[PDB]
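Peer 1: could you work out the structure for the sequence below:
(chains A and B)
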Amino acid sequence: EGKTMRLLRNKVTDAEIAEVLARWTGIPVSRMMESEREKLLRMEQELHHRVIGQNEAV
Amino acid sequence: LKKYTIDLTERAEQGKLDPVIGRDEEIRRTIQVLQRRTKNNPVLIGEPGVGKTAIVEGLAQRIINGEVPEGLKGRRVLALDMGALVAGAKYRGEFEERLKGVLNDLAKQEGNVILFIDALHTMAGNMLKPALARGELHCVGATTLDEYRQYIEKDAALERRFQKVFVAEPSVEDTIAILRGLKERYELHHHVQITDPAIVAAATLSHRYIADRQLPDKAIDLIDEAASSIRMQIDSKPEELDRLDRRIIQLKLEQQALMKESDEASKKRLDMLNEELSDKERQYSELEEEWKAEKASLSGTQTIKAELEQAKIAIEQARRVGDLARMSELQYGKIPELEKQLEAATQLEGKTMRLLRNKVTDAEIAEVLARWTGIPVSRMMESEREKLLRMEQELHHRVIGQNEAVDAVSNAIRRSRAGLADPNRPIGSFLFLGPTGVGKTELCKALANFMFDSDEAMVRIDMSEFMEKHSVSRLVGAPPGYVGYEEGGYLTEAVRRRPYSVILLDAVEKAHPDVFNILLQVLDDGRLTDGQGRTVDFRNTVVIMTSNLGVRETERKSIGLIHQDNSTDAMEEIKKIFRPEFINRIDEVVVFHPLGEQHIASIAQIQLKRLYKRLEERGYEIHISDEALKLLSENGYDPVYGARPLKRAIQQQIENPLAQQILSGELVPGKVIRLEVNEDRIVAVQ
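Peer 2: Numbering: from 1, shown residues only, chains lettered A, B, ... in the order given. Shown next is the structure:
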């Protein structure tokens, strides 16, 4: 199974456990795989869409 | 009378009774109450566990030992058995058939029978009244304090009849006497022995610590559970026996692995395995032979235990019924022979018993108790004076800094626990000056963890906390008899976990002089009459009182300069603002200071120890320089609060950029980080 099991992996990891818990509690699961810094570096402007200005507040 | 009532002449005559010890006051009060012409149904205020049924067993030892007075002799006392009265009831209503038949024959008996109701509070209620009120019978009762208070006072003829007797739980040496009087049944029933300091330490320490359970009840739990532990583990085979048993069963299975062979010349090596098998079988046979030798000592002492209890029961029944030749026959004759070879049997266990230990000492009590409670046994092996003189060492294990606080506060605690103040005071009469966040809560956790054994033990009071005059009514909750029996007092919660407390009475000077008088009643008398009026013992409470008067000059006078200067010129302000009575109350004046330069570096690296472990789990190791942590320090050193924007400037100045640099991909894990030295904004470099 180390050689010919290309598609399926029968052994388990901790990332599956964190994904089942993330589907449970309703926390966003996409903090790791989805690009977090691409929207987190523009949190200022995403707030500027409705709360514009206030540089020290953000 | 017969089929559903039982004469206590033959129950006390049969001797179903445990031995009793010196129960004078309650039994003589029972006599004089039972000689009243009416209300001669005495009710004993108490709970079982003081031995009220055993006090009745001892009044039956004063009937059957003849020690009752002229009033209560000749009376033929028959006990009701409701557990016998349930017999013969199939269709609905035959228990009260046989119960009112008991009212028939105890109605015709007309005073001959005193009744004893085992568990009086079984005895319904409208139908127990007319027979006693006409006078058709004669009884005695017993019940719980709270059950009694909800029992007599309301109804007219019920408080006419049922009667109060003070029966209580004894002091130290009397429970010691009860365990001495019961080590007959303990030793001669439990295959154990009992010495005197086990009884004294049991009744004494059980008297002192647990104010919950009963005496000698919890000592009966100790002798009963632990004595059966000694009997049970004596029944077990010793330790070298089953060490060798595991080794011989592994060696026999390996010999079976050696006998089944395919290649002969490689697998016929097992000769040395066979001679080692023979040697270990010889040693195991000799050790289990020693176990049977101790079982031979226990065989002879077992049958002489049986004939021993038969012999002292024989001499006591010889005292009772009175055969002439049998009394002197046993007195000079059979029983001192069994005393002498009883001593030879104690030497038989004194020379045969090597592996198994027949005698019970305090160490097996420390086994059963050390697996009862779970508090560390070293804390009982600690004394007070040793953890007073060696307090600086373990205070310098966890907490860094505060030298004159540990030494001078340690002088106040050595004086306080030594008794060098007024013993009508609380424990620590302190006065602390300094800012917040330098370790006051950490000092409460450290002292709480050392002498109080908890990382959970502190409640703190700033004077703006103050839950009000109504709030003492809030911790009593509803008055008793209203809604809220589900919770009642949260006193039960915050005092469920901590009966003591370490309290951080912040800003004592900024409070009102009424808090100089309420807190004067705190420092004096070792107890405070609170806002409700009752008072609770502060003598088991360290009254740590902190303050924030002189912040800036204390934040300066920390490095290089002596700190007695800051203490004494602080007392130049304390003498003006206080009365000299408060200066008389506290022993010394301690002022906390923000730490020195290398110790500020210790503060910042300890606040970064969370980053060392949070990151060493994820795979990052910082080796932060003193200069990057120094830019954390002097970019954190705002003279407003002290070290409180220092965490704000560490986590905000580096760690939010370090979360952007670690979480963006600039810092690759598995590599050692050194927080380097660039421009004043700090950027981590791989």
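Peer 1: how much space separates residue A:12 from residue B:619?
Peer 2: Taking C-beta to C-beta, to the nearest Å as the measure, residue A:12 and residue B:619 are separated by 21 Å. (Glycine included, C-beta is placed from N, CA and C.)
Peer 1: count of residues packed around whichever residue of chain A sits closest to chain B?
Peer 2: Distances between chain A and chain B by C-beta to the nearest C-beta are smallest at residue A:37, namely 4.9 Å. When neighbours are counted by other C-beta atoms under 10 Å in any protein chain shown, residue A:37 registers 11.
Peer 1: check the one 10 residues further on too.
Peer 2: Taking other C-beta under 10 Å as the neighbour definition, residue A:47 ends up with a count of 14.
Peer 1: before we move on, what about residue A:29?
Peer 2: 15.
Peer 1: find the nearest non-adjacent residue to it, please.
Peer 2: residue A:22 (3.8 Å; C-beta to C-beta, 6 or more residues apart in numbering or on different chains).
Peer 1: hang on, that neighbour packs against residue A:32?
Peer 2: No - applying C-beta atoms under 8 Å as the test, residue A:22 and residue A:32 come out as separate, 9.6 Å apart.
Peer 1: of those two, who's got more company?
Peer 2: residue A:22 (15 against 12).
Peer 1: so which helix or strand takes in that one?
Peer 2: helix A:14-25 (DSSP states H and E).
Peer 1: so how far is that helix from its chain's centroid?
Peer 2: Here the centre of helix A:14-25 is set off from its chain's centre by 12 Å, with C-alpha atoms, centre = their mean, to the nearest Å.
Peer 1: could you list the residues in contact with it?
Peer 2: A:27, A:28, A:29 (C-beta atoms under 8 Å, 6 or more residues apart in numbering or on different chains).
Peer 1: what about the residue nearest to the first one when sequence neighbours are not counted, neighbour count?
Peer 2: Nearest residue to residue A:27, sequence neighbours excluded (C-beta to C-beta, 6+ apart): residue A:21, at 8.0 Å. The criterion is other C-beta under 10 Å. On that basis, residue A:21 has 11 neighbouring residues.
Peer 1: now residue A:18
Peer 2: Residue A:18: 13 neighbours (other C-beta under 10 Å).
Peer 1: check residue A:10 too.
Peer 2: Per other C-beta under 10 Å, the neighbour tally for residue A:10 reads 6.
Peer 1: quick one: contacts for it?
Peer 2: Listed by C-beta under 8 Å, 6+ apart, the contact set of residue A:10 reads residue A:1.
Peer 1: show me the helices in chain A, by range?
Peer 2: A:14-25, A:36-40, A:43-48 (DSSP state H).
Peer 1: look up the closest residue to residue A:47, ignoring the ones flanking it.
Peer 2: Residue A:47's closest residue in space is residue A:58 (C-beta to C-beta, 6+ apart), at 5.7 Å.
Peer 1: do the same with residue A:44
Peer 2: Per C-beta to C-beta, 6+ apart, closest to residue A:44 is residue A:58, 5.1 Å.
Peer 1: do I have it right that that neighbour meets residue A:42?
Peer 2: No - using C-beta under 8 Å, residue A:58 is not in contact with residue A:42, being 11.1 Å away.
Peer 1: what about the closest residue to residue A:30 other than its chain neighbours, neighbour count?
Peer 2: Spatially, and ignoring its direct neighbours in sequence, residue A:30 is nearest to residue A:36 (8.0 Å; C-beta to C-beta, 6+ apart). Neighbourhood size, residue A:36 [other C-beta under 10 Å]: 14.
Peer 1: just residue A:6 next, same as before
Peer 2: Residues lying near residue A:6 (other C-beta under 10 Å) number 6.
Peer 1: show me the contacts for it.
Peer 2: For residue A:6, no contacting residues are found, by C-beta under 8 Å, 6+ apart.
Peer 1: and if you look at residue A:57?
Peer 2: Contacts of residue A:57 (C-beta under 8 Å, 6+ apart): none.
Peer 1: quick one, phi/psi of it?
Peer 2: The phi/psi pair for residue A:57 (degrees, to the nearest 10) reads phi -70, psi -40.
Peer 1: please apply the same query to residue A:49.
Peer 2: Here residue A:49 shows phi and psi, under degrees, to the nearest 10, equal to phi -60, psi -30.
Peer 1: OK, contacts around the residue nearest to residue A:44?
Peer 2: A:43, A:44, A:47, A:51.
Peer 1: top of the residues you listed by neighbour count?
Peer 2: Top of these by neighbour count (other C-beta under 10 Å): residue A:47, with 14 neighbours.
Peer 1: quick one: end-to-end distance for stretch A:51-58.
Peer 2: 10 Å (C-alpha to C-alpha, to the nearest Å).
Peer 1: I am finished for the moment; much appreciated.
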